[PDB]
Every structure is written in structure tokens, then in C-alpha cells.
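Student: Can you read through this structure? Questions will come right after.
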Amino acid sequence: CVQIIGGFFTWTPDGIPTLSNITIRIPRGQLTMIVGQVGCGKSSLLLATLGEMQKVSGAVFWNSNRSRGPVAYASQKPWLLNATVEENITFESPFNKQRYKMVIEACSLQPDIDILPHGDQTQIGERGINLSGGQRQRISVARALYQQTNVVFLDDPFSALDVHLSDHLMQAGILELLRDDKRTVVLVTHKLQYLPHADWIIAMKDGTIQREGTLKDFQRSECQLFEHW
Ligand SMILES: Nc1ncnc2c1ncn2[C@@H]1O[C@H](COP(=O)(O)OP(=O)(O)OP(=O)(O)O)[C@@H](O)[C@H]1O
């Protein structure tokens with residue numbers, strides 16, 4: 001799907017590229033884990049592949065299985081439309097009882113709605129009943145998974161929740177959704193407990209790509225020693 005050759009990303013409308021020499025691809029039928037340090041150009045790569053940055057020096061050939069499809073996404077900072085929880089998650093799409101139950105189970109929405117006086121009918125966000133960081137992160141994650149897109153981007157949903165139970169439940173739900181729906185995904189986070197197992201990692205470290213390959217290259221780079229310790 002994703003194809004980048006020149007690899008230029010610039011927030012300034014002229015000069016000073018924040019991400020350069022990035023030559024990576026994200027082929028369809030995949031579940032990509034993203035591994036990298038803090039502030040090394042991780043979310044910038046996701047936005048550049050989305051086409052929300054100045055594409056000055058590089059090529060972007062997009063085609064699903066250069067035309068863009070409705071790619072699902074959820075930024076690191078979440079976003080909760082001031083409406084009901086059902087509308088905040090379905091997001092102007094047809095409502096199905098089967099898939100809503102599956103999503104609300106994997107995303108742990110029944111315990112969450114219990115913390116609310118209405119749940120699937122309460123108001124949330126600005127000018128509404130307040131929320132918590134974990135609840136907002138999980139609500140955003142559910143909306144990305146329920147939208148039935150050719151891809152699904154999860155910008156650090158595991159980092160948001162310190163608890164291991166929520167992280168393990170979310171990881172199991174992501175695996176189940178990807179296996180039972182056959183849709184690509186990409187998790188941009190720092191949770192290395194699963195990335196070298198059955199994911200095709202790609203590292204853009206210190207403002208440039210290090211290696212864009214499969215899990216085989218993880219045994220030929222001498223870098224996962226800290227992830228396994
Ligand atoms: N929206 C933006 N506007 C301006 N500069 C940006 C923006 N996003 C990223 N940058 C710049 O590009 C750099 C790359 O950041 P990067 O993508 O690694 O962030 P991150 O690891 O996702 O962030 P965080 O620490 O919040 O989790 C940033 O340090 C910043 O200098």
C-alpha cells in the first residue's frame with residue numbers, strides 16, 4: 001500500500017526537513033509494529049504517509065487491494081466529538097449489533113460505560129461530562145477498529161494505559177480483529193513485548209530509516225537485546 005522513495009517530511013513550508021532519506025513501504029495484508037525511541041520521527045512518518053505534510057522531495061504511490069483510500073487512523077492525542085458514546089464510536093457509519101458487541105468487548109466498553117451515568121447515551125468531551133485518559137484513549141482505539149478500513153493506525157494505545165491488564169486485553173482484541181476481518185494495521189508505540197514475534201517491524205530512528213524489513217532482520221541487527229531483557 002504505502003510506497004515512499006525520496007522520503008522528505010517538512011513542517012516548515014520550505015527547508016529544514018524533519019524526516020529525510022526515509023525509504024520504507026507498508027504492503028497490504030500485514031500487521032506492522034513500529035519500534036523506535038522517543039521523539040525520533042515516529043508520528044511524523046505516519047502523518048507523511050497520510051499526506052498531511054509537505055511532500056517536497058519524494059514519491060508517494062498509494063493503492064489498496066496513486067489513489068488514496070479511506071484509511072483509518074487515531075493520533076497519539078485522541079479526539080472525542082461532543083456527542084453520545086455510540087455516535088462517538090460508530091462515527092456516522094451504519095450500526096450493527098454483532099460488530100458493536102465485539103468491539104465493545106475487546107475495547108472494554110461495558111466496564112467503561114459503568115463508570116458513566118448513561119454510558120452509550122452520555123455526553124463526553126468539552127461542554128460535557130468529563131472523562132479520563134484511559135477512557136478517551138480506548139474510545140479512540142475502538143473508533144479506529146470499528147470503521148472497517150483497508151488499514152488501521154493505532155498511535156500508542158498501549159502507552160496510554162499503564163495497567164498490564166488493559167494492555168493485554170487490547171493486544172488480544174487487536175489480534176482477534178485482524179485475524180477475523182483481514183485488514184491491515186499499524187501500531188506506533190513502544191511495546192516491544194510482541195513486535196519481534198509476528199510483526200514486520202520498521203525503524204525510522206534519529207530522523208531517518210534504519211531498516212525496513214520483516215522479523216527476520218530482527219536477528220541480523222543486534223538491537224533487540226534490550227527488548228528481550
Ligand atoms: N505536528 C507537529 N508540528 C510541528 N512539529 C512537529 C509536529 N509533529 C512532529 N514535529 C516535530 O518532529 C519531531 C518528530 O516527533 P515524533 O514523530 O518522533 O514524535 P512522537 O514520538 O510521536 O511524540 P511524543 O513524545 O509526543 O510521543 C518532533 O520532535 C518535532 O520537532
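Ordering of the C-alpha cells sets the chain letters (A, B, ...), residue numbers begin anew at 1 in every chain, and ligands are numbered from 1 in the order given.
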Residue A:199: which residues within 12 Å, counting only C-alpha atoms, same-chain residues fewer than 6 positions away excluded, as a PyMOL selection string?

Tutor: chain A and resi 26+29-35+175+184-187+192-193+213-218

Student: The selected residues should be written to file as a JSON list (two decimals), in the first residue's frame (atoms: N, CA and C atoms).

Tutor:
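Wrote out.json, looks like this:
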```
[["chain", "number", "residue", "atom", "x", "y", "z"],
["A", 26, "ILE", "N", 4.76, -0.22, 3.21],
["A", 26, "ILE", "CA", 3.84, -0.99, 4.06],
["A", 26, "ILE", "C", 2.91, -1.80, 3.17],
["A", 29, "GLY", "N", -2.06, -6.63, 3.51],
["A", 29, "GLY", "CA", -2.10, -7.93, 4.16],
["A", 29, "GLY", "C", -0.99, -8.07, 5.18],
["A", 30, "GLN", "N", -1.07, -7.30, 6.26],
["A", 30, "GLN", "CA", 0.07, -7.13, 7.16],
["A", 30, "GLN", "C", -0.44, -6.67, 8.52],
["A", 31, "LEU", "N", 0.42, -6.81, 9.53],
["A", 31, "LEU", "CA", 0.18, -6.25, 10.86],
["A", 31, "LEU", "C", 1.53, -5.72, 11.34],
["A", 32, "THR", "N", 1.79, -4.44, 11.07],
["A", 32, "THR", "CA", 3.10, -3.85, 11.30],
["A", 32, "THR", "C", 3.18, -3.28, 12.71],
["A", 33, "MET", "N", 4.26, -3.62, 13.41],
["A", 33, "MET", "CA", 4.63, -2.96, 14.65],
["A", 33, "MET", "C", 5.70, -1.92, 14.37],
["A", 34, "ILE", "N", 5.61, -0.79, 15.06],
["A", 34, "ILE", "CA", 6.57, 0.31, 14.92],
["A", 34, "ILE", "C", 7.38, 0.41, 16.20],
["A", 35, "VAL", "N", 8.71, 0.37, 16.06],
["A", 35, "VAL", "CA", 9.62, 0.41, 17.19],
["A", 35, "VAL", "C", 10.60, 1.56, 16.98],
["A", 175, "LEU", "N", -5.42, -8.62, 17.85],
["A", 175, "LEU", "CA", -5.11, -9.84, 17.13],
["A", 175, "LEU", "C", -6.38, -10.51, 16.60],
["A", 184, "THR", "N", -5.33, -4.67, 7.18],
["A", 184, "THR", "CA", -4.01, -4.26, 7.63],
["A", 184, "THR", "C", -4.11, -3.35, 8.85],
["A", 185, "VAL", "N", -3.00, -3.27, 9.60],
["A", 185, "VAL", "CA", -2.94, -2.46, 10.81],
["A", 185, "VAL", "C", -1.50, -2.01, 11.03],
["A", 186, "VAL", "N", -1.34, -0.96, 11.82],
["A", 186, "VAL", "CA", -0.03, -0.46, 12.21],
["A", 186, "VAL", "C", -0.12, 0.16, 13.59],
["A", 187, "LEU", "N", 0.67, -0.34, 14.54],
["A", 187, "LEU", "CA", 0.68, 0.14, 15.91],
["A", 187, "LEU", "C", 1.98, 0.88, 16.17],
["A", 192, "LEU", "N", 7.42, -3.49, 23.05],
["A", 192, "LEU", "CA", 8.24, -4.45, 22.32],
["A", 192, "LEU", "C", 7.99, -5.89, 22.75],
["A", 193, "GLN", "N", 7.03, -6.13, 23.64],
["A", 193, "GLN", "CA", 6.76, -7.49, 24.11],
["A", 193, "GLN", "C", 6.25, -8.41, 23.01],
["A", 213, "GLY", "N", 12.22, -3.99, 6.94],
["A", 213, "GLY", "CA", 12.15, -5.39, 6.55],
["A", 213, "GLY", "C", 11.15, -6.14, 7.39],
["A", 214, "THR", "N", 11.36, -7.44, 7.53],
["A", 214, "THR", "CA", 10.49, -8.33, 8.29],
["A", 214, "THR", "C", 11.16, -8.71, 9.60],
["A", 215, "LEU", "N", 10.51, -9.61, 10.34],
["A", 215, "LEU", "CA", 11.03, -10.07, 11.62],
["A", 215, "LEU", "C", 12.32, -10.86, 11.49],
["A", 216, "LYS", "N", 12.67, -11.30, 10.27],
["A", 216, "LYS", "CA", 13.95, -11.98, 10.07],
["A", 216, "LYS", "C", 15.12, -11.04, 10.33],
["A", 217, "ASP", "N", 15.00, -9.78, 9.91],
["A", 217, "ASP", "CA", 16.06, -8.80, 10.14],
["A", 217, "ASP", "C", 16.28, -8.51, 11.62],
["A", 218, "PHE", "N", 15.30, -8.82, 12.47],
["A", 218, "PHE", "CA", 15.48, -8.65, 13.91],
["A", 218, "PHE", "C", 16.57, -9.54, 14.47]]
```

Student: Would you name the residues within 9 Å of ligand 1, counting only C-alpha atoms and all ligand atoms, and put them as a list in words?

Tutor: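 With only C-alpha atoms and all ligand atoms and a cut-off of 9 Å, ligand 1 is contacted by residues 10, 11, 12, 18, 19, 36, 37, 38, 39, 40, 41, 42, 43, 44, 45, 46, 47, 75, 76, 77, 155, 156, 188, 189, 205, 206 and 207 of chain A.
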
Student: Excluding residue A:137 and its own-chain neighbours fewer than 5 positions away, which residues fall within 12 Å of it when counting only C-alpha atoms? Please give them as a list in words.

Tutor: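 The neighbour list is residues 74, 75, 76, 77, 78, 79, 80, 89, 107, 108, 109, 112, 131, 132, 142, 143, 144, 154, 155, 156, 157, 158, 159, 160, 161, 162, 166, 167 and 170 of chain A.
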
Student: Within 12 Å of residue A:66, counting only C-alpha atoms, which residues qualify if same-chain residues fewer than 5 places away don't, as an MDAnalysis selection string?

Tutor: chainID A and resid 1:4 51 59:61

Student: Just to be explicit: take each residue in the selection above, keep N, CA, C and O atoms, and write the result as a compact mmCIF listing (two decimals), in the first residue's frame.

Tutor:
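Listing of selection-v6.txt after writing:
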```
# COMPACT_ATOMS: atom_id res chain seq x y z
N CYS A 1 0.83 -1.20 0.00
CA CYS A 1 0.00 0.00 0.00
C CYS A 1 0.86 1.26 0.00
O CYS A 1 0.84 2.04 -0.95
N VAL A 2 1.63 1.45 1.07
CA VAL A 2 2.47 2.62 1.21
C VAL A 2 3.73 2.44 0.38
O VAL A 2 4.31 1.35 0.32
N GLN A 3 4.17 3.52 -0.27
CA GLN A 3 5.39 3.50 -1.06
C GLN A 3 6.05 4.86 -0.97
O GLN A 3 5.49 5.86 -1.44
N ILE A 4 7.23 4.91 -0.36
CA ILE A 4 8.00 6.15 -0.21
C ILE A 4 9.43 5.88 -0.64
O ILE A 4 10.07 4.95 -0.12
N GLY A 51 -0.15 11.88 4.00
CA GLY A 51 -0.21 13.02 3.10
C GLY A 51 -0.60 14.32 3.75
O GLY A 51 -1.16 15.20 3.08
N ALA A 59 8.41 10.47 -3.64
CA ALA A 59 7.27 9.91 -4.34
C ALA A 59 6.36 9.18 -3.35
O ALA A 59 6.83 8.58 -2.37
N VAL A 60 5.06 9.24 -3.61
CA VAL A 60 4.06 8.57 -2.78
C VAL A 60 3.11 7.84 -3.72
O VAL A 60 2.21 8.46 -4.31
N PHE A 61 3.30 6.53 -3.87
CA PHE A 61 2.43 5.69 -4.68
C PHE A 61 1.51 4.91 -3.75
O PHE A 61 1.95 3.97 -3.08
```

Student: Using only C-alpha atoms for the distances, tell me which of A:229, A:224, A:148, A:153 is nearest to residue A:50.

Tutor: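 For residue A:50, the nearest of the given residues is A:153.
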
Student: Return as a count of residues only the full set of residues in stretch 27-217 of chain A whose backbone-based DSSP assignment is helix (DSSP H, G or I).

Tutor: 70

Student: Under the rule that only C-alpha atoms are counted, which of A:27, A:6, A:15, A:70 is the nearest residue to residue A:152?

Tutor: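 Among the listed residues, A:70 lies closest to residue A:152.
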
Student: How would you write, as a ChimeraX atom specification, the set of residues in stretch 97-203 of chain A that DSSP gives as strand (DSSP E or B)?

Tutor: /A:123-124,129,153-155,185-188,202-203

Student: Please provide the set of residues having any atom within 10 Å of residue A:85, restricted to only C-alpha atoms, with same-chain residues fewer than 3 positions apart removed, written as a list in words.

Tutor: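 Near neighbours after the sequence-gap exclusion: residues 80, 81, 82, 88, 89, 90, 91, 109, 113, 118, 119, 120, 121, 122, 123, 124 and 139 of chain A.
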